[PDB]
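S.K.: experimental coordinates follow, after the sequence.
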Amino acid sequence: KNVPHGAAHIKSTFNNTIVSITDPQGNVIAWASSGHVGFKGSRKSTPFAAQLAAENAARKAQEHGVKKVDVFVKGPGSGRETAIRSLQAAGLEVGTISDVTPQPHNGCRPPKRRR
RNA sequence: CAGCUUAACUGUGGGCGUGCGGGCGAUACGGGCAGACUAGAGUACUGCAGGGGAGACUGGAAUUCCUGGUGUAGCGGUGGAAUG
């Protein structure tokens, strides 16, 4: 397909990293997850795994003709910036970096404290 | 104080009997009765701040579920995993 400009959704969690590149109206072209590039367990929360997954997703988007993207990073950062650098060095140019993370307005109740 | 060899003991005479009742005096303090005051207290007037309470209606974010797109083979979870 041919999309000159799309959007890239990075979701970095405490124990995973998933990046999906989408068109500006919200239809994903291709995606890569930290477990998709071969890591399992704890090894897939590492910035190296995040960078590898984002690079793979970027290449898969290049095959669909994406030129530039704007990143919507999200979640408790483990590999936000390393995914950003990987996207830059995988051949794309990032337009804007907008950190949109769901913050409730004191709604619902979180799980109890661990020990 | 006196007597029995002294004492224990005994006797004699005051005190004690820490209270109660009757008469008489005092009126500072507490109280009773009759007053007076506004410094306590309460009311009034004018302002002021407040997640004080009860009732009714109503707003946005987020989680979950359902429906429909797109899209693949992983997601999730941990000290590490595995049930899922």
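M.R.: Cool, the structure landed. Numbers count the residues shown, from 1 in each chain, chains lettered A, B, ... in the order given.

S.K.: host element of the residue nearest to residue A:97 when sequence neighbours are not counted?
M.R.: Computed as C-beta to C-beta, 6 or more residues apart in numbering, the closest residue to residue A:97 that is not its neighbour in sequence is residue A:71, at 5.0 Å. From N, CA and C alone the C-beta is placed, and that goes for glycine too. Counting by DSSP states H and E, the element that carries residue A:71 is strand A:68-74.

S.K.: which other helices and strands does the next helix or strand after that strand contact?
M.R.: Helices and strands here follow DSSP H and E; after strand A:68-74, the next one along the chain is helix A:80-89. Here helix A:80-89 touches strand A:5-12, helix A:47-62, strand A:68-74, strand A:93-97, going by 3 or more C-beta pairs under 8 Å, 6 or more residues apart in numbering; DSSP states H and E.

S.K.: contacts for the shortest one?
M.R.: For strand A:93-97, contacts defined as C-beta atoms under 8 Å, 6 or more residues apart in numbering pick out A:5, A:8, A:67, A:68, A:69, A:70, A:71, A:73, A:84, A:87, A:88.

S.K.: save those residues as CSV, and put in neighbour count and distance to residue A:30 too.
M.R.: Compiled in CSV, the contacts of strand A:93-97 are given as follows (neighbours: other C-beta atoms under 10 Å; distance: C-beta to C-beta, whole Å):
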residue, neighbour count, distance to residue A:30
A:5, 13, 15
A:8, 28, 10
A:67, 14, 15
A:68, 11, 16
A:69, 23, 12
A:70, 15, 16
A:71, 24, 15
A:73, 21, 18
A:84, 19, 18
A:87, 25, 13
A:88, 14, 18
